[PDB]
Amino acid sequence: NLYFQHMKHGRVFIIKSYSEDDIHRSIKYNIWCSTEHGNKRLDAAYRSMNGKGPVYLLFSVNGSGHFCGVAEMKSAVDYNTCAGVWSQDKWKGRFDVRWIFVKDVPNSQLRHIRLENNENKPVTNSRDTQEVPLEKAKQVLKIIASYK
């Protein structure tokens, strides 16, 4: 395929959101924020990457039945930022992202990809900041990229 053929390094995480408004804001301003635990997981992966490869994020709104696109993580986490900018006050902090695809892809197109690090559960059954093994992540990314 033409998409993601060169991604020898780097790491891929599921992002789950309770709020489609939060996603809209993320797309508009190219920023995101997770829980404290999820921020720490993404921060560790971004920093240990040391710019050697991409950290990609596969976004999905809880209950929507579809993934809604792909962004690249673009900064470390900043834990002390303006409160109350998201749909709930409980999302504290900020990191930069760069959205690559904004498009709805039905879970039917992805649910036969299983995560060997998550009890072989479908990737579509992941929780927020579930890490995706690199070879399964390539499959997901190419399906999203090419979907029509």
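Each residue number is its position in the shown sequence, starting from 1. Here, rigid core means the biggest group of C-alpha atoms that superpose within 1.5 Å across both forms.
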Segment of greater CA departure in 9 other deposited structures of this protein, 126-134 or 8-16, core superposed: 8-16
Stretch departing more from the displayed form, 91-99 or 76-84, Cα RMS in 9 other deposited structures of this protein (core fit): 91-99
Between 138-146 and 4-12 (mean CA B-factor, as deposited), the higher: 4-12
Mean C-alpha temperature factor, higher of 34-42 and 58-66: 34-42
Maximum C-alpha temperature factor, selected from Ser87, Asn117, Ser108, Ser26: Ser108
B-factor third for the C-alpha atom of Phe95 within its chain: middle
